[PDB]
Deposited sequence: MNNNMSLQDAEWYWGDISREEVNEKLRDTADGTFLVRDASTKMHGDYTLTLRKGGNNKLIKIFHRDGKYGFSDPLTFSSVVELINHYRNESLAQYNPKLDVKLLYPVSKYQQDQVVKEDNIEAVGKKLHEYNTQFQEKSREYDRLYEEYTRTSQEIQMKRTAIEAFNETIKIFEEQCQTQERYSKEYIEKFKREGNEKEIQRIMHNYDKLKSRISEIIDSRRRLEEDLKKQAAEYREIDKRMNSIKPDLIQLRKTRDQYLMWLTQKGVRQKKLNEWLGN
């Protein structure tokens, strides 16, 4: 009973710890799914901003070429370049989070694997301990 209760109280402590990591990891996974959802909506907005920019620049680049105002065309190009710098910086942020989500979502499956092998074993140890059931030594042997 001392041997079986100590075996019981350890796996009890490990299943609890693993369940903490499991649920904690689960909340984190949801947030990464959220931020990827938010990144997708943000990327969608920036890509529209690029498409609309090409429409308006179209006739002005044509105008500023003929009017010899090459210096203004560099303004539009410089800002358009500044846009694409921001978009690439953001796609990289989403990509790193997508990669990060893959590691945690795989680790997550790994926690649930370890518990689901400990979960049935933990019940049996209660059975063996309970077979041993049928005062200082009783509270002592129960890990105290």
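> In sequence order, which deposited residues have no C-alpha?
Sequence ranges with no C-alpha atoms are 1 to 127, 262 to 269.
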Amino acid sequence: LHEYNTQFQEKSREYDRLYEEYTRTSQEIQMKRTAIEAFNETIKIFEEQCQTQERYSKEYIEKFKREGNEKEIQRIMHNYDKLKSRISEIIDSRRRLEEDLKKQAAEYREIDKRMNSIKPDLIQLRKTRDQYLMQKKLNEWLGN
From here on, numbers count along this sequence of modelled residues.
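> Higher mean Cα B-factor in the deposited model: 24 to 32 or 50 to 58?
Higher mean C-alpha B-factor: 50 to 58.
> In the PDB record, does 11 to 19 or 122 to 130 carry the higher mean Cα temperature factor?
Per the PDB record, 122 to 130.
> Could you tell me which one of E70, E37, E110, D81 shows the highest CA temperature factor in the PDB record?
Spelled out: the listed residue with the top C-alpha B-factor is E70.
> From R95, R114, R66, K102, which pick has the Cα B-factor that tops the rest in the entry?
Each of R95, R114, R66, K102 was compared by C-alpha B-factor; the highest is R66.
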